[PDB]
Amino acid sequence: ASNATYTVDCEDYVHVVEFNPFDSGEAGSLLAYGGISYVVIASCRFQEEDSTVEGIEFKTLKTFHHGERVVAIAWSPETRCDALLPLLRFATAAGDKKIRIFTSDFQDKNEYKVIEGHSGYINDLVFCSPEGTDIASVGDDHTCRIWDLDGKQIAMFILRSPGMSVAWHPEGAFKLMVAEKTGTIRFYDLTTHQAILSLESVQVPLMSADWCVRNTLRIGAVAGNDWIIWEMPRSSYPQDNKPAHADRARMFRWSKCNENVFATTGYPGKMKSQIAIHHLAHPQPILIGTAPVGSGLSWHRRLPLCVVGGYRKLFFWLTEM
Amino acid sequence: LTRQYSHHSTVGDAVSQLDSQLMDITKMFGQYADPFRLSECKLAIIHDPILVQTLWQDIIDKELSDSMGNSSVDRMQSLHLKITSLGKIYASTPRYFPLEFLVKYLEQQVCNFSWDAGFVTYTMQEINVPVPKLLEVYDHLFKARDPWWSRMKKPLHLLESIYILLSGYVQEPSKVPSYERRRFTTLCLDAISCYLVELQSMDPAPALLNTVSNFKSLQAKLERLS
Amino acid sequence: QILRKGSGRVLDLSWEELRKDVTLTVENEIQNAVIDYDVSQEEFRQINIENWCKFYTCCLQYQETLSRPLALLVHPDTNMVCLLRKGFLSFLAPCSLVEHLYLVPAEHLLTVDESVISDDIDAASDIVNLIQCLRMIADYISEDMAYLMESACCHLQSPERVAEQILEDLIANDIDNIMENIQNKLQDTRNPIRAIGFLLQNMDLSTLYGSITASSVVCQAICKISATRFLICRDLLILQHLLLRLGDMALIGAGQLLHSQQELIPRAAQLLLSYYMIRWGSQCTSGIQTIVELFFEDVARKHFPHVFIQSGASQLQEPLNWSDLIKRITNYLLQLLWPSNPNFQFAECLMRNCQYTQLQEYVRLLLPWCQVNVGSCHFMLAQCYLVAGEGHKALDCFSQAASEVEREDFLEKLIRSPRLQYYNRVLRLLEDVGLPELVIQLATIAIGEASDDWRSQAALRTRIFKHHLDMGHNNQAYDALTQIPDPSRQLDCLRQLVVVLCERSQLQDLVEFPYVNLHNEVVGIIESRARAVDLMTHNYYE
Amino acid sequence: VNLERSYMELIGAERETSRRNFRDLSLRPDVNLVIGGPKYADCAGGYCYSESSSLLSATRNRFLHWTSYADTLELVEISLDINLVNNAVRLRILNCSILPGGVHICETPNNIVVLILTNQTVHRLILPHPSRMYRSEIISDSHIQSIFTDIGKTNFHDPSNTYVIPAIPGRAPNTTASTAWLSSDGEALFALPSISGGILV
């Protein structure tokens, strides 16, 4: 088990962690993490980006009182730290089945809006517009729902099982990916409000799916114990299927810098949650990390670096390319 | 394996062919590998581990039906002797003897047939497995928290087996070379302190109170021996 | 076989294998039909439809050929009737009276012997006229409207509001004056409500027949009965809302008003919701089995020797009658499936089985309208959430299930204060999953329930101490240790704290921590280890 | 009298992905392939055992069915009580088209006798009666054999069991009418339309 390259202390348990995938106009990479009753927004700078930094410079920028356990965080594309018009916008899902949109100027103006209408737990959410006006959410009510920033439901797709992950297509307009617990991944067009296509996993339950940003034909997921890769439009069947974890895989995320590298996490388990970093050319994980109990997995935008939340700590692994 | 496969008959042809002429290595390996288990002989001739462990378990099973048809204690003794002789055959090789798979699997059989708790400790000491190495295996198996022991309604019986190992050791100290005894007694006091903390975290009962009393008495005797 | 153009020996493919095999075969034909790299999305969709259509029409032509009619087998002594078709065997089973009347053609419905429906000729005639109105609705329901009702059941929408919307659309589109014809036949019905109540009431050896064919035939009988009776219940609800809007053909009436409102609303609520729940339950081993066939084989069938004995068949000399026995088995199975039995088993079996999803959906569809096994449903749902990693929702569901703990055998078997016993069980579960933070939170709640039992409080506080120590929360572990009421356990926890902090080299915290009269216990422990250990020093002496 | 007026069709779904491992048996009678012979329509039939209604009988809820098309007879034993092992046989009578209604089953105290008429041949099959197969009340259910289990041991080429219909007085062409039975003395009899308009026995 590799030790984490960097470790940052947190006030409480980290339930979710997400790097800002967008350019905020700052030299540092923005990071959001959700606790039991709060969301923290921080800036991270690494020695690999700036030779004036020894290891990791971690600065808390803002803390938002949430009052509920945060389960998912989505960054808005409008998020900017530019000194002329700073705007922080992100969405959260929590155990109360509500979405909260937070807006801040990083000064005194801190607003949040509550969106209601899911009848079950929300499992995942994303901003599903380049303009950052629309939010997609999925949950245990067997719905995928589309919301404006006004909290009005624009659209609703009835699922055949609980929606487990949702992702916007990185290049193609109007394409939403929805991963269902029974192994089906569906693609929806938000203009026509129609399902375009599905993929099926060989294993169940399907727990997380992500798009490869560097190769928009590739989808990766975790189902049962295994990680699964599809290459579109070649087949509805997996191209690759290999073991990820000895007992239940939970999260899958593609590296933002390398189309052959991805991370998986094991389920919040008695054997301390393993992070496994995989490279498609290798039959085994290139790195196996241990986090004592960790939830959330996110990749840095530029560096070959991933973060996992744990017990009062963030753990960072740099992958040698 | 003769005695194993209902006295294996083919083992007679195999032993006569092995006596009638000298055999070449390849022929020997293939034939005997597939035919009867012989990982200790394979190790000796050369001089998948999981597959070898599975084959050893299958060989033990054979002994087990032969003995199904015998006295509960007679069957036990038969298996003891067979295992002992064949382990002495592969004693110097650890790849031809799953040290961990074997202890786990035999303790599952002790639970299934419900035998004595001293059995495995006594058998491994008679093979000349060092008491420190045997304690390391038991401590590892206990710390592994295998759900199997709880499913069999007998984790306290597992810890009683551990107690029996350690008691045998106390009572016959020459079983550990004179040059390790101090370090080993300290290791026992540390281990017992951990076991007493875990036992005091569980619910109270007569049998538990007797086991706590036994370990406190043993701690006080080890402190006098240190 | 024909699409592949290939002489491959068809392996006895499993059905999942056959599905993958169809998919890959049609995808390959689509990829071959896409000649240009720049196909518009519309042209690609059109090509996809054309290729699947072509495969489907091919399956149809073979199914037509296998479906070709053979002959009849009638057993002289047992009266068993079989329809021999070209591809399969069908059995003819007697139809129940309600299904007979709904399904018979309108021309033959006029020649039914009213004496068989009821000893009461007028009740028999009213049932006949009602069934004719249900059919005039059934004949004008579009597929969009039938789907809108089935969608409403699946999405747990109110079937009543949806029956009303369907009725508005039927009236907006009444080109043939059908509403006038239904109105005219309803005027010929003397007591439509008694006829409605009769319909609703009639709709409300273990080794033998253990085969998969018998299991499928029996469970298909259940599916068709439940589907037919779901439509009858939908059309009956729309008709009941029309009868309410037409009933205003009069003043409400006080006596009629009070009596009708209480009686009808209670009966109706105890009616449409129950029918919807039964339909949802019906909708919910090298052979393909349905979840109902699985439940029948594993649970329901084991109870049939009791159903057979309770019926007064204490004479082992009565011959087996097929008609009586199938009707009894199917009614008893409907009660078990119908969420009206305390069995508490299909959901538990799903929780202990690899499948969980289907069990969540089964409980979702059942819980709003079925009041039988509600605690057992919450227990099953809690297991599904625990396996899904949603431990807080699991705890809420386990807490709801605890209330049916009164007169409960399954929870009594675990025991052979009740809330503290339940929390001790959930604590063992959270320990085995390896979630120490939640174990601390739950053990802190369980100390509140432990009120006067200092032994349970000592055990729970020792457990909190252990998990804080294992997590490295040294201050919180020390605080938990000071709260232990048992001095013996407190000393053993103190020994564990001193050892773990020394091994972790966290010597500063250990210095800060204010031991009471036990400063010399530490020196005695370290001295006992020091002298006991070898000359090679570490940091005990230091 | 519950006047059970209507019935409903219940599909006994053969959901076994095992096609009932049809013990394919091919009979080659000494007869030539008639090119352009009458195409008979596909037909089916069934037979119920004596004492099948008796709760202590070994024949309880047991019956036979068959389908015949062209040169092929598919025979099946079904029990509603127990899954029978080896309960399906596909008999192919090469070059002979099975007559519509040409299959007859007769029961005796010791045996089940299957009598088969084709366009050109008559056949007799002798199977053990279910009551003679089992001498011990202690049989585990998972191993109850069909009467067809030992069908591959019957000598079908025995002249006691197969006969070729002579051309004169012979059978009338394009007729489907036939019947077969056992006499009191255990003899097998087959009746068909003669070319002369009489009955050939």
A correct fewest-to-most ranking of C:116, A:40 by other Cβ atoms within 10 Å would be C:116, A:40
Mean Cβ count within 10 Å, highest first, over the residues of peptides A:175-185, A:4-14:
A:175-185, A:4-14
In debye, nearest 20: dipole of the protein assembly as shown around its Cα centre with unit charges on the Cβ of K, R (+) and D, E (-)?
2780 debye
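In which sequence would C:147, B:195 go, from the one with the fewest C-beta neighbours within 10 Å to the one with the most? Numbers along the way, then the final one.
On the way: C:147 11, B:195 20.
So the residues, fewest neighbours to most, are C:147, B:195.
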Distance check, please: which entries in A:97/A:256; A:270/A:313; B:104/C:413 exceed 23 angstrom between their Cα atoms?
A:97/A:256; B:104/C:413
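What per residue convex hull volume, in Å³, do the alpha-carbon atoms of the range C:475-533 yield? Please list the in-between numbers first.
Numbers: hull volume 5.0 nm³, N = 59.
Measuring per residue, one finds 84 Å³ for the Cα hull of the range C:475-533.
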Computed on alpha carbon atoms, what radius of gyration and Dmax characterise chain A, expressed in Å?
18.3, 52
For the range C:357-426 and the range A:275-321, write down the distance between their C-alpha centroids in whole Å.
36 Å
Let a ≥ b ≥ c be the square roots of the eigenvalues of the Cα gyration tensor of the range A:1-83; is it rounded (a/c under 1.5), or, if not, prolate (a/b larger than b/c) or oblate?
oblate
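Mean separation of Cα pairs under 8 Å and 6+ residues apart, divided by the residue count of chain D: what relative contact order is that in percent? All intermediate terms of the calculation are to be shown ahead of the outcome.
On the way: 375 pairs, mean separation 34.4, N = 201.
This gives 17 percent for chain D.
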Work out the mean other chain Cβ neighbour count within 10 Å for the residues of C:459-465 and drop it here as an integer.
2
Could you pull out every residue, at least 5 positions away or on a different chain, whose amide H is within less than 5 Å of the one on residue D:121? Hs are placed 1.01 Å off N in the peptide plane, and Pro or chain starts have none.
D:165
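Once the convex hull of the C-alpha atoms of the range B:123-221 is built, how many Å³ does it hold per residue, rounded to a whole number?
Cα convex hull per residue, to the nearest whole number: 108 Å³.
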Computed about the Cα centre, the charge dipole of the range A:110-222 from +1 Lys/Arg and -1 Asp/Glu charges at the Cβ has a magnitude in debye, to the nearest 20, of 320 debye
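Taking N as the number of residues in the protein assembly as shown, what is its Cα Rg relative to 2.2 N^0.38 Å?
Working: Rg = 38.6 Å, N = 1290, 2.2 N^0.38 = 33.5 Å.
Cα-based Rg divided by the globular estimate yields 1.15.
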Can you give me the C-alpha center-to-center distance between the range C:94-152 and the range B:4-65, rounded to a whole angstrom?
76 Å
Cα Rg, Dmax, chain C, angstrom units
34.0, 109
Enumerate the calculated ³J(HN,Hα) couplings along the range A:189-197 in order (Karplus 6.51 cos²θ - 1.76 cosθ + 1.60, θ = phi - 60°), each rounded to whole Hz, writing x wherever the residue is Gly or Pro.
8, 6, 7, 8, 6, 10, 6, 8, 6
Enter the mean projected area of the convex hull around the alpha-carbon atoms of the range C:1-64, in nm², rounded to one decimal.
5.3 nm²
Determine the shielding of peptide A:43-55 by partner chains: average, over its residues, the number of Cβ atoms on other chains within 10 angstrom of each Cβ.
0
Size of electric dipole in the range C:40-155: Cβ of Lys, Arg +1 and of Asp, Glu -1, about Cα centre, debye, nearest 20
820 debye
Over all distinct alpha-carbon pairs, what is the Kirkwood Rh of chain D in angstrom?
18.5 Å
To the nearest Å, what is the center-to-center distance of the range C:234-273 and the range C:289-307, using C-alpha atoms only?
38 Å
The farthest towards the positive end of the charge dipole of the range C:142-210, of the residues C:179, C:196, C:142, given +1 on Cβ of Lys and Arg and -1 on Cβ of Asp and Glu, is C:196
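Report D for the range C:117-157 in µm² per second (integer): Stokes-Einstein, Kirkwood Rh on Cα pairs, 10 °C, 1.306 mPa s.
Working: Rh = 12.3 Å.
Value of D from the Cα-based Kirkwood radius: 129 µm²/s.
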For chain C, the charge dipole (Cβ of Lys, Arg +1; Cβ of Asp, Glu -1; about the Cα centre) points to a positive end, and the Cα of C:411, C:262, C:206 closest to that extreme belongs to C:206
If I model a spin label at residue C:355 and residue C:310 as a point 7 Å from the Cα along the Cα→Cβ vector, what separation in nanometres do I get?
2.7 nm
Order these by the 10 Å Cβ neighbour count, fewest first: C:332, D:47.
C:332, D:47
Applying the Karplus parametrisation 6.51 cos²θ - 1.76 cosθ + 1.60 with θ = phi - 60° to the phi angles of the range C:382-394, what ³J(HN,Hα) value in whole Hz is obtained for each residue in order, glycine and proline being reported as x?
4, 4, 4, 5, 4, 5, 6, x, 8, x, 5, 5, 4
Percent of Cα pairs exceeding the 15 Å cut-off, where the set is the range C:221-267
60 percent
Long-range HN-HN contacts of residue A:154 with modeled amide H, under 5 Å
A:146, A:147, A:148
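Considering Cα pairs under 8 angstrom that are at least six residues apart, work out the relative contact order of the range B:52-210 and quote it in whole percent. Could you put the intermediate results ahead of the total?
On the way: 71 pairs, mean separation 28.7, N = 159.
Once divided by the residue count of the range B:52-210, the mean separation gives 18 percent.
For B:138-150, what's the mean count of beta carbons from other chains sitting within 10 Å of each residue's beta carbon? Write down the numbers at each step before the final one.
Values: counts 0, 0, 0, 0, 0, 0, 0, 4, 0, 2, 0, 0, 2.
For peptide B:138-150, the averaged partner shielding equals 1.
Using 0.36 nm per residue, how much length does the chain from residue D:143 to residue D:185 gain when fully extended, once their Cα-Cα distance is taken away? The partial results should precede the final answer.
Numbers: separation 42, 0.36 × 42 = 15.12 nm, distance 3.49 nm.
Taking 0.36 nm per residue and subtracting the Cα distance, the gain is 11.6 nm.
Take peptides C:126-134, B:5-13 and line them up by average Cβ neighbours within 10 Å, highest first, as a rough protection proxy. Please list the in-between numbers first.
Working: C:126-134: 21.7, B:5-13: 12.8.
The packing order, highest mean first, is C:126-134, B:5-13.
FYI the Cβ positions are ideal-geometry reconstructions off the backbone, even for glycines, and counts take in every protein chain you see. None of the figures in this text is laboratory data; all of them are computed from the coordinates on show.
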